[PDB]
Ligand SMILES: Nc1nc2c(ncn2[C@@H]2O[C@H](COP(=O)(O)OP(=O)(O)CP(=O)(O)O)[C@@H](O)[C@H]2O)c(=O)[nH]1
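We begin with a single chain expressed as structure tokens, specifically the form solved without this ligand.
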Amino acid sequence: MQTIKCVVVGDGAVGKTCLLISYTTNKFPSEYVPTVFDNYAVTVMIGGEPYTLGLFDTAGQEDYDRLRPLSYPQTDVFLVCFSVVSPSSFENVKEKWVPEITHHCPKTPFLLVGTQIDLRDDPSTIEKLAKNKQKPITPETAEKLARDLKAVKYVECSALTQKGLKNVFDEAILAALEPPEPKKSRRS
């Protein structure tokens, strides 16, 4: 049975773990957000055939540049995450994450994933960012970065409301089924 290894990378606190929990349990952790997400196997049906979507979290490894890459080998698709209400996590996408997974896995496609979109339109959040002259990242901005970094595409979601959550992973499946081609420039 073919397996699609999907590894989720990105700064700590962008909700990598959170996003995985919500997709696999189809419900958001109300009173306690688990810290741990062990390697998980989701059976998915691709054109009548069964496949294993192997999900991998990287939470807690963000600071160790030598331990972190030990997860990269055999990856079929990367989800590069940044929170749409954290400009720094966004900055780290082009500055740290894409360069790294690109180096280790040249032929491996990756998606740009904006998270916590449910906060994007929240006074307190808008407000907090203002205190540092910052604003939430817009879909347009993110889409531009995705085109520039050669991400297969840009998708965004909310682990809390689950908006676009399912779609993030469908796109990851689609990206993983494409013939092993090197990062090609994107339209749109």
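One rule holds for the numbers: they count along the sequence shown, beginning at 1. We call the rigid core whatever largest set of C-alpha positions still superposes within 1.5 Å between the two forms.
Omitted here: the form solved in complex with this ligand. The next part is about that form.
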Exercise. If you check in the deposited complex, is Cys18 within 4.5 Å of this ligand, heavy atoms only?
Worked result: yes
Exercise. Given that the partner is absent here, does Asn39 sit within 4.5 Å of this ligand in the deposited complex, heavy atoms only?
Worked result: no
For this session: Answer yes if any heavy atom of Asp11 is within 4.5 Å of a heavy atom of this ligand in the deposited complex; otherwise answer no.
Result: yes
Problem set entry | Contact of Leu67 with this ligand in the deposited complex (heavy atom, 4.5 Å) | no
Exercise. Picking from 46-54, 127-135, 159-167, 143-151, which part of the chain touches this ligand in the deposited complex when contact means heavy atoms within 4.5 Å?
Worked result: 159-167
Exercise. Has each of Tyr72, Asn92 and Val98 got a heavy atom lying within 4.5 angstroms of this ligand in the deposited complex?
Worked result: no
Problem set entry | Core-fitted Cα difference of 2 Å or more between this form and the one not shown, single residue among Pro139, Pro69, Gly60, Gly54 | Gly60
Exercise. Does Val33 count as moved between this form and the one not shown, where moved means a C-alpha shift of 2 angstroms or more after fitting the rigid core?
Worked result: yes
Exercise. Knowing the Cα distance between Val93 and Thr35 changes 3 Å or more in the deposited complex, does it shrink or grow relative to here?
Worked result: closer
Seminar exercise, completed: A change of 3 Å or more separates this form from the other: in the deposited complex, the C-alpha atoms of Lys16 and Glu62 are farther
